[PDB]
Amino acid sequence: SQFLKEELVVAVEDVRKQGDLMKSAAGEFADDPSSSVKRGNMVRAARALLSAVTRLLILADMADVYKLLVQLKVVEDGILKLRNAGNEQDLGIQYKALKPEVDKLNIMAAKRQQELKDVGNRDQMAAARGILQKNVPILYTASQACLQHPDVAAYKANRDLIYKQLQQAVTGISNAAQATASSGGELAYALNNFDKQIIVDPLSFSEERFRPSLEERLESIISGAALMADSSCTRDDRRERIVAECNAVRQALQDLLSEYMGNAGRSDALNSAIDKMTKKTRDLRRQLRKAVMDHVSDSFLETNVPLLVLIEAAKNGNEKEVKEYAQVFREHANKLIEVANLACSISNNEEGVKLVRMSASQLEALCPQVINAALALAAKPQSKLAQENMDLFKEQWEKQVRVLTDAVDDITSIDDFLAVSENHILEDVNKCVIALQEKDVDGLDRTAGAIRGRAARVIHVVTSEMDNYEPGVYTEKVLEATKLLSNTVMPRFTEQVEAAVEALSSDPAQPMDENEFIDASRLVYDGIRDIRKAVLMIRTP
Amino acid sequence: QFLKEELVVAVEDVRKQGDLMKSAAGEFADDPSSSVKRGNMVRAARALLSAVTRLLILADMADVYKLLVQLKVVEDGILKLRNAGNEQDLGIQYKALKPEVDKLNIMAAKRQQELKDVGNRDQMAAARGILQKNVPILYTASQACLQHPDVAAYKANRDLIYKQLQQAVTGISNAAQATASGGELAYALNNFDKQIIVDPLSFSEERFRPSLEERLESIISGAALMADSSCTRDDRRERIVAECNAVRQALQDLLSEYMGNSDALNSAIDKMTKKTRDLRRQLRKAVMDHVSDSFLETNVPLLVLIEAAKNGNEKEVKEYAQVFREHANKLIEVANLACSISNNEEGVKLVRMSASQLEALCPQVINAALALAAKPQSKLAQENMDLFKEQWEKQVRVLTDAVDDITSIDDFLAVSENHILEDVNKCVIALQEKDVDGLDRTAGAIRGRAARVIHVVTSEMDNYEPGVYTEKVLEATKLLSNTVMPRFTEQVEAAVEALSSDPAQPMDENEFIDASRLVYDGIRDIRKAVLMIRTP
């Protein structure tokens, strides 16, 4: 940092000389507000002084990058040392001297991130700083669990996983800072392309052998749409409708194909075909929206349930049940990630797609860590620190699930969720009244749980999409309907269901009032519908 | 000019900030090792930079407004120059215009070199060049519309020039205004080659497919413009399509290889760079293809139109105007194509400026033919056609030598040698088949391409300074011109004489083939001589 200092003093002397020149020229113009020459000399000095100041400030930029490289190498060595800890005394010291350098690095890297220009590097820098700050205090506890219970290898796997993520964050900072030289969804991009790429006459030899076949674009679009509609998370309803829409958007293209193949005239018969094609593409767009809303309303319930089953089986020292429920938990996490990926696919917003994919990837990286933490707790169940690790990883899991949930909420339309959840909760209150009408205790319990979960989901979604607007009268009425369904309708419905289940599962079968139960169910539905209409007022399209 | 108030505001601001920065820099240099004083120096430097950049953008906006007012002045003065009724009033409006038009041209040059864009730069350059070259032409068009008020051709020409100047001033307005954002296709091609790789480990399959696929498709469109062109050989565009499919396959292969991560995937990247370089070479070969194949006959439709308009035919001169327009468009195509792939930025600017100038000049010669066919006896028709043909041939050779200086000479020599070998075999086989039109056309083509070679090597050997390398190739070119073309034109005309007559005598076919192999070997020899610069 010495050559930089000398050349920076050089540049600052340059800048002071230019400032003297600029002051002289400006004082000379200040006398003649009319001389087009004094004005010319003023601007000619301004440009050169601006160039000199720019030289100096880019020297300062290079100096800050120089400092950040060695700070990053310092924290790299510190991470390597905190990993290679011997006992809880050397480890407890490596942390009391790494946090200062970690914080200095984080601040300098935020500075350099604000100094960047390319936004991909901005986000790489932000994610690297975030992973750094999240994993250093977690690498501490992982190394502590390694050194206290060295008999379990799951702790070693977690220590090494967090160390690898930390080194990846180090290298990400390095490249996002050093490299100073120089966005919608996948299905939405191709859908808008195919919407616009059907306006040219392809009988010519200029866009039938160079540009892609207007059939191949549709075929890859169908590949994506049937990838979504074949997901294990898709209902049969959306699947049938997506099949219908794919076969109706291939018929509107074959109609358009036989319209452009026989025209080749610079025509009107093909305007009907292009309008039909536009409308069929818009309809398949809407159907993919309906399918992803199906996914959001369905799979985003019982969010932290496999985790709870896993930790409850791991609190009891079990080993094979832990592996079974851990494979199940990995599967459910991958189900969440697949749903988030489909919703990222059909989405147009550039920022939301990035947040969704990044949060889902972080949750995917967290999945094996909490699996190993549950395994290591079950391996040493009568341990304090294993219990603490399990608690920490369960809280991390709940937080990551909540942030992925909010990302998918904000990346999608509010009233679409309102309507799909309204119809689903109607189907479910019907399932509930039916399970009661035949005294099906299991069906009644399951359906009431589904109804309550969907209600709480809708309340969280409505309160999340209600903060995007200013505190006003519309928000007042909407949040009033929300808290009314909150503190009234759902507790009443729950008490009704509990009374019915108690009346069924008793030594004397008690004839509960079947009338008020149905009233609480229809109250759930009508509250959902009321809130839906309340949110559906401040917009006209 | 009412903004000078904010100017003095920003001047006082910049003075205060510069004094503050000089004080802070003195504090730093007096204590060269202080994290606080250095920080304050940098803070003051950034504040001073913000102040002087505010001042700079204020000055640029003042520049822009004064240019807008000058442009409105020139526009209204041109409106006066067109509607002038007297030659006295036309002279007075031109007297009041010429300095104001020069002022507008200088200001437009300033705001062109100060444009934050690279394309609107060229647009306004061409527009103000049109305004620079056509106002003195509107003067004479109006003088000849006020001196022959009967011939509607003179009025059509005057008003065509007026509409062109109005397009020029509106273009200057639109270009210098909206600064809101090498060559057309070469830029995207080199940036494709820049974006082929980024980061192996943090590589997402759904974050780079848009960039790479869309870049590939834009490149494919830019190359299809050149391959599927009015003047580009069939085999050439088939070769281009082959290389386009190859580069598409290579892009998809590079995508499927970046799906696996950074070891064995280097081969896919090398194949990608190979395919993009080979497509670059095929496009350059296509440009060189329609250079020798289109620049050999420059004044043909002009000459035929001039003769058929001097004779006064109406239908003939109209068909010749259409062939003249087809020729001008066929040449503008080659201009834009050779521009879109060259990295010589200033050369591209010059070529495109000359190309738009000639594009505007074409309908002027059209209306000159209009004036000649309608009044062939009239005194002013001769001078009108003479001026416009002079300007036309001037701009033709200007665009020729302008594209010559963005086109590598060695590729020109290669494509010219292969093309004249092709035409010489055509000529031989037409002499053995005894085709009078065949020999006529083939000898014309060979002689024209040889003259093309002569002109390009003459215009290229002046960029060097006379030495052994200079004279060694100058001798070959002089030998070609003053030896083989005589001995070839002589043989082919002896053929068309003895064959297209009664005796049908064998026109000494061995000497004919001797002259043909002579012209091939002479072009090849000039090539071999001038190619003694470097090997890598």
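Residues numbered from 1 in each chain as written, not as in the entry; some residues may be left out. Chains lettered and ligands numbered in written order. Heavy atoms only, no water. Residues with missing side-chain atoms left out of burial classes, pairs and counts.

- Method-wise, the PDB entry is recorded as coming from X-ray crystallography, at a reported resolution of 4.0010 Å.

### Some words on the overall build of chain B
Item 1. Across its full length, chain B carries 17 helices and zero strands.
Item 2. Here the C-alpha atoms of chain B give a radius of gyration of 30 Å, more than 25% beyond the 24 Å that 2.2 N^0.38 yields for 536 residues.
Item 3. Dimensions along the principal axes, computed over C-alpha positions, put chain B at roughly 105 × 80 × 50 Å. (Helix = DSSP H or I, 4+ residues; strand = E, 2+ residues; numbered from the N terminus. Rg over C-alpha atoms; globule rule 2.2 N^0.38 Å.)

### Here we look at the overall build of chain A
Item 1. For chain A, the helix and strand inventory stands at 18 helices and zero strands.
Item 2. Here chain A has a C-alpha radius of gyration of 31 Å; the compact-globule value for 541 residues is 24 Å, and the former is much larger.
Item 3. Expressed as lengths along the three principal axes of its C-alpha atoms, the size of chain A is roughly 100 × 85 × 55 Å.

### As for the nonpolar core
Item 1. In terms of nonpolar packing, the biggest core is built from 102 residues, with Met-277, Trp-397, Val-408, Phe-493 and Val-535 of chain A touching the most fellow members.
Item 2. Setting aside anything within four residues of it in sequence, one finds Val-408 of chain A in contact with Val-296, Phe-300, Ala-340, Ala-343 and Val-356 of chain A. (Core = buried A, V, L, I, M, F, W, Y, C linked by side-chain atoms within 4.5 Å. Buried < 20%, exposed > 50% of the residue type's maximum accessible area, 1.4 Å probe, protein only. Contact = heavy atoms within 4.5 Å.)

### Quick notes on the interface of chain B and chain A
Item 1. Counting from both sides, the interface comprises 43 residues of chain B and, opposite them, 33 residues of chain A.
Item 2. Elements supplying a minimum of two residues to the side of chain B that touches chain A: α1 (4-30), α2 (35-83), α7 (209-227) and α8 (234-257) of chain B.
Item 3. For the side of chain B that touches chain A, the element with the highest residue contribution is α2 of chain B, accounting for 14 residues.
Item 4. Taken together, the residues of the side of chain B that touches chain A break down into 24 nonpolar, four polar and 15 charged. (Nonpolar A, V, L, I, M, F, W, Y, C, P; charged D, E, K, R; others polar.)

### A few points about the domain arrangement of chain A
Item 1. The domains assigned to chain A are domain 1 (2-178), domain 2 (187-280), domain 3 (300-408) and domain 4 (413-541).
Item 2. Domain 2 of chain A and domain 4 of chain A are separated by 41 Å when their C-alpha centres are compared. (Domains from an automatic or database assignment.)

### Brief notes about the packing of helix α11 (residues 305-314) of chain A against helix α12 (residues 320-345) of chain A
Residues and elements named next belong to chain A.
Item 1. Two numbers describe how α11 lies on α12: the axes approach to 9 Å, and their chain directions differ by 165°. Looking at the two axes, α11 sits roughly antiparallel to α12. Crossing geometry of α11 relative to α12 is assigned as left-handed. When α11 is examined against α12, the residues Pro-306, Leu-307, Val-309, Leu-310, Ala-313 and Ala-314 are found in contact with a partner set consisting of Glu-321, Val-322, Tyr-325, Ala-326, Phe-329 and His-332.
Item 2. When its residues are assigned to classes, the contact of α11 with α12 shows ten nonpolar, one polar and one charged. (Axes fitted to C-alpha atoms, helices over the stretch in contact; angles between N-to-C directions. Parallel < 35°, antiparallel > 145°, perpendicular 65-115°, else oblique. Left-handed = near helix turned anticlockwise from the far one by under 90°.)

### Remarks on the packing of α8 of chain B against helix α9 (residues 266-292) of chain B
For any two helices packed against each other, one specifies the inter-axial angle together with the distance between the axes.
Residues and elements named next belong to chain B.
Item 1. Remark: α8 packs on α9, axes separated minimally by 9 Å, with the N-to-C direction vectors making an angle of 160°. One finds that α8 runs roughly antiparallel with respect to α9. Every pair of crossing elements has a handedness; the one defined by α8 and α9 is left-handed.
Item 2. Among the residues forming the contact of α8 with α9, the class breakdown is 13 nonpolar, two polar and ten charged.

### Details of the environment of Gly-91 of chain B
Item 1. Along the polypeptide, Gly-91 of chain B turns up in helix α3 (residues 87-113).
Item 2. C-alpha separation for the pair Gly-91 of chain B and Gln-143 of chain B, spaced 52 residues apart in sequence, amounts to 9.0 Å.

### Thoughts on the domain arrangement of chain B
Residue and element names in this part refer to chain B.
Item 1. Splitting chain B by domain gives domain 1 (4-177), domain 2 (184-292) and domain 3 (408-536).
Item 2. Each of domain 2 and domain 3 was reduced to a C-alpha centroid, and the two centroids are 37 Å apart.
Item 3. Counting from both sides, the interface comprises five residues of domain 2 and, opposite them, seven residues of domain 3.
Item 4. When domain 2 packs against domain 3, the two sides together hide about 590 Å² of surface, and 64% of this comes from carbon and sulfur.
Item 5. Sorting the residues of domain 2 by area buried against domain 3 places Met-288, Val-291 and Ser-292 first, and these three jointly supply 79% of that buried surface.
Item 6. Along the contact surface separating domain 2 from domain 3 lie one salt bridge.
Item 7. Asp-411 is the partner of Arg-284 in a salt bridge, and the nearest nitrogen-oxygen pair spans 3.7 Å.
Item 8. For the pair domain 2 and domain 3, the number of links is two residue pairs in polar contact.
Item 9. Per-class residue counts for the side of domain 2 that touches domain 3 are two nonpolar, one polar and two charged. (Buried area = accessible area lost by both parts, 1.4 Å probe. Salt bridge = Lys/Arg side-chain N within 4 Å of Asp/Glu carboxyl O. Polar contact = N/O pair within 3.5 Å; in protein donor to acceptor, adjacent residues only side chain to side chain.)

### Notes on the state of the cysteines
Here is the idea: a disulfide is a covalent bond, and it sits between the sulfur atoms of two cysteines.
Item 1. One pass over the structure, following the stated rule, counts zero disulfides over all chains.
Item 2. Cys-367 of chain A forms no disulfide, and the closest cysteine sulfur to it belongs to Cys-233 of chain A, at a distance of 17 Å. (Disulfide = S-S within 2.5 Å.)

### Re the packing of aromatic side chains
Residues and elements named next belong to chain A.
Item 1. Inspection of the entire model under this criterion finds ten aromatic pairs over all chains.
Item 2. When the ring of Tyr-469 is compared with that of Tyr-474, the centres are 5.7 Å apart and the planes differ by 80°; the resulting orientation is edge-to-face.
Item 3. Of the residues examined, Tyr-474 reaches a relative accessible area of 12% and is grouped as buried. (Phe/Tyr/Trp six-rings, centres within 6.5 Å; stacked < 30°, edge-to-face > 60°.)

### Description of the side chain of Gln-491 of chain B
Residue and element names in this part refer to chain B.
Item 1. For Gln-491, the location among the structural elements is in helix α16 (residues 468-499).
Item 2. What makes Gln-491 buried here is its relative accessible area of 14%.
Item 3. Beyond its immediate sequence surroundings of up to four residues, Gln-491 is in contact with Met-507, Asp-508, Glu-511, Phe-512 and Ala-515.

### What to know about the side chain of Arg-457 of chain A
All names here are of chain A.
Item 1. Assignment of secondary structure puts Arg-457 in helix α16 (residues 441-466).
Item 2. For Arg-457, a relative accessible area of 5% corresponds to the buried category.
Item 3. Once residues lying within four places of it in the same chain are set aside, the contact partners of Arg-457 are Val-296, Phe-300, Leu-301, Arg-402, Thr-405, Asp-409 and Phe-417.

### Quick notes on the environment of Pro-506 of chain B
Residues and elements named next belong to chain B.
Item 1. Here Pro-506 is to be found in the loop between α16 and α17 (509-530).
Item 2. By relative accessible area, which is 69% here, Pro-506 ends up exposed.
Item 3. Sequence separation between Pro-506 and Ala-445 is 61 residues; the distance between their C-alpha atoms is 23 Å.

### A word on the pattern of salt bridges
Item 1. Taken as a whole, this structure holds 48 salt bridges over all chains when the rule is applied.
Item 2. With a closest N to O distance of 2.9 Å, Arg-517 of chain B and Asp-521 of chain B form a salt bridge. A residue pair is termed a helical-turn pair when its members lie 3 or 4 positions apart in one helix, as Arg-517 of chain B and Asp-521 of chain B do in helix α17 at four residues.
Item 3. Look at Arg-517 of chain B and you get partly exposed, because its relative accessible area is 44%.
Item 4. What you see here is one network of salt bridges that share partners, running through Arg-235, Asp-294, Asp-298, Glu-427, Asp-428, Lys-431 and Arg-454 of chain A.

### Quick word on helix α12 (residues 345-374) of chain B
Item 1. Across its 30 residues, α12 of chain B extends 44 Å between first and last C-alpha, which sits within 8% of the 44 Å expected from 1.5 Å per residue.
Item 2. Of the residues that open α12 of chain B, the one with a side-chain oxygen 3.1 Å from the backbone nitrogen of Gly-347 of chain B is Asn-344 of chain B. (Expected span 1.5 Å × (residues − 1).)

### Some points on the environment of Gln-71 of chain A
Residue and element names in this part refer to chain A.
Item 1. With respect to the helices, strands and loops of the structure, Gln-71 is situated in helix α2 (residues 38-83).
Item 2. A residue is classified by how much of its surface remains accessible, and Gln-71, at 13% relative accessible area, is buried.
Item 3. Taking C-alpha positions, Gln-71 is 6.0 Å from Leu-105, a pair spaced 34 residues apart along the chain.
Item 4. Within polar-contact distance, the side chain of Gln-71 engages the backbone oxygen of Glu-101 at 3.3 Å.

### A word on a nonpolar patch on the surface
Residues and elements named next belong to chain B.
Item 1. Together, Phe-2, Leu-3, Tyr-65, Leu-68, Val-69 and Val-73 line one region of the surface with nonpolar side chains, adding up to about 510 Å² of accessible area.
Item 2. Relative to the helices and strands, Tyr-65 resides in helix α2.
Item 3. We classify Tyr-65 as partly exposed; its relative accessible area is 40%. (Patch = residues over 30% accessible without salt bridge, like charges linked within 9 Å, V, L, I, M, F, W, Y side chains within 5 Å. Areas by Shrake-Rupley, 256 points an atom, 1.4 Å probe, with all protein chains shown as cover.)

### Some remarks on unusual backbone geometry
Item 1. In this structure, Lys-439 of chain A takes a positive phi of about 55° despite not being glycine.
Item 2. Along the polypeptide, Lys-439 of chain A turns up in the loop between α15 (414-437) and α16.

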